[PDB]
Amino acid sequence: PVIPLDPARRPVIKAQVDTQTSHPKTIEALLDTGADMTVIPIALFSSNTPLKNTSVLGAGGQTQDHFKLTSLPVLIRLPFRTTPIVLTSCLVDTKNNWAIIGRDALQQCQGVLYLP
């Protein structure tokens, strides 16, 4: 679908995410052309799973602690299309429960920006 862009309303989508360490869960994610990679909340992962340290630069600053990197690919199913997005890896929010669909996922569902 076409998602209008509105400062007062964050463009979001329901996405079924399977981290392959837990039953797949559907979450609300922000659609974010400004994110190099997708961010999944740590909650969707089972307690014990190996995750890699990683450094992330955001607007608030550079962090070595807040985010981890997955070890297994994450599969994402969008409401409209039946084929899953397969992300070889993406980020995990250990801290603030964030869910962000970045350009890695947007590329695979052939998302575009349109500026008339």
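The numbering used is simple: start at 1 and walk along the sequence shown. If you superpose the two forms and keep the largest set of C-alpha atoms that fall within 1.5 Å, you have the rigid core.
In terms of root mean square C-alpha deviation after superposing on the rigid core in 7 other deposited structures of this protein, the stretch standing farther out between 18-26 and 95-103 is 95-103. Here the rigid core sets the fit, and in 7 other deposited structures of this protein the C-alphas of 57-65 stray farther than those of the other stretch, out of 36-44 and 57-65. Stretches 52-60 and 25-33 differ in mean CA B factor, with 52-60 having the higher one. Across the two stretches, 76-84 and 34-42, the PDB entry reports the greater mean Cα temperature factor for 76-84. As recorded in the entry, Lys95 carries the highest CA temperature factor of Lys95, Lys14, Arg10, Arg103. In this PDB entry, the Cα temperature factor of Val2 sits in the top third of its chain's modelled residues, the highest group.
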